[PDB]
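Just the one chain here, the form deposited in one PDB entry, laid out as structure tokens.
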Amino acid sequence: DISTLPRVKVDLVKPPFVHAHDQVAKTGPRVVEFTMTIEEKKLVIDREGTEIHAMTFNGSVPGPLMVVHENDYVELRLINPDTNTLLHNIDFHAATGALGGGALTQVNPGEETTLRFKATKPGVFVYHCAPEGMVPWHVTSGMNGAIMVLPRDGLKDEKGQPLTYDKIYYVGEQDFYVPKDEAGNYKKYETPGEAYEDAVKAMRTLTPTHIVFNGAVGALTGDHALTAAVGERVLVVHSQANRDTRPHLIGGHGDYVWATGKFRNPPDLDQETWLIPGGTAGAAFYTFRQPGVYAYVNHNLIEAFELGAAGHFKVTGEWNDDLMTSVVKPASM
């Protein structure tokens, strides 16, 4: 039955970007092949040169967003090159059975594997490494991402009408727990293994030292701000594989929001701030109505402005003074 299905090989794009795809499926079910190479590497996460041993899928934190349609088959080639030092695997929250695939994809350095599963449920899902015994260590090292399973007929609003986005961005929020010495200075290590014992102690406090988007403080600001123009409908996928988050677009709203990311449910309207539970991926749809700079933040202001969970959106267009304006006071009637 599956041999009569077309097979397509897709090349993944580094976040916050997403590979090309059709919102409304033009073909019947397919076997979408993806390839991801695991890379363990040192990553500088802040302005102060704090460095950590990131464990990544395709070299980025978060891993790339994969997009397929309901009932397509996802066939993933997971490679763990010999340059790495730890055993890894992959668990998709979209898959059914075998711990999300984690039980079937344990690969040591120098090993690879190919897993296939049917995307039977529409929605955006989290995928993350989960090695027996060191689950929270791999996840909080950035080894997580998301996969979007679009309904075959695209997104629909509260009333069943079509919702079409012109842009789509993937924002991966990551909570880090970097160990410090007695004074509070961040430690550096030679290999991931060396940091392990300290890492565990740091995680157990349940208090992140950093909370970033796209792997670093300010990763999504300045020359890297997300862009759009007045009139465009933007879909923002947001995942957090381990800790609760509450996204908010300062100066805008979430017109249609699937806080828990499951498309068979009607979206929530006009959200100012929405909660995305840890271990979940969510999606917000919004049409920009004013130009200018917008801050996309985790609305626990301390986490956004002190720990790092804040990004920018730079929107071009004409100002609408009917929506907002600085009043001039020369009158009484």
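Only residues modelled in both forms are compared. Rigid core: the largest C-alpha set superposing within 1.5 Å between the two forms. Throughout, we count residues from 1 along the sequence that is shown.
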item	value
Of 45 to 53 and 27 to 35, the one with larger mean CA B-factor	45 to 53
36 to 44 versus 264 to 272 - greater average Cα B-factor per the deposited record	36 to 44
Residue, from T245, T85, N144, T114, that the PDB entry assigns the highest Cα B-factor	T85
Member of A259, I250, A183, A229 with the greatest C-alpha B factor (per the PDB record)	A183
Chain-relative CA temperature factor third for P208	lowest
Ranked against its chain, the third holding the CA B-factor of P15	middle
CA B-factor placement of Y73, once the chain's modelled residues are sorted into thirds	middle
Chain thirds of CA B-factor: placement of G100	middle
Relative C-alpha B-factor of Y177, binned into the chain's lowest, middle or highest third	middle
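Absent from the display: the form deposited in another entry. The rest refers to it.
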query: Of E112, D82, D157, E194, the one whose Cα moves 2 Å or more between the shown form and the other one after core superposition; finding: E194
query: Core-superposed comparison between the shown form and the other one, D166 Cα displacement 2 Å or beyond; finding: no
query: CA of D181, rigid core aligned, shift of 2 Å or more between the shown form and the other one; finding: yes
query: Mobile segments between the shown form and the other one - rigid core superposition, Cα shift of 2 Å or more, 3+ residues; finding: 180 to 185, 187 to 194, 328 to 333
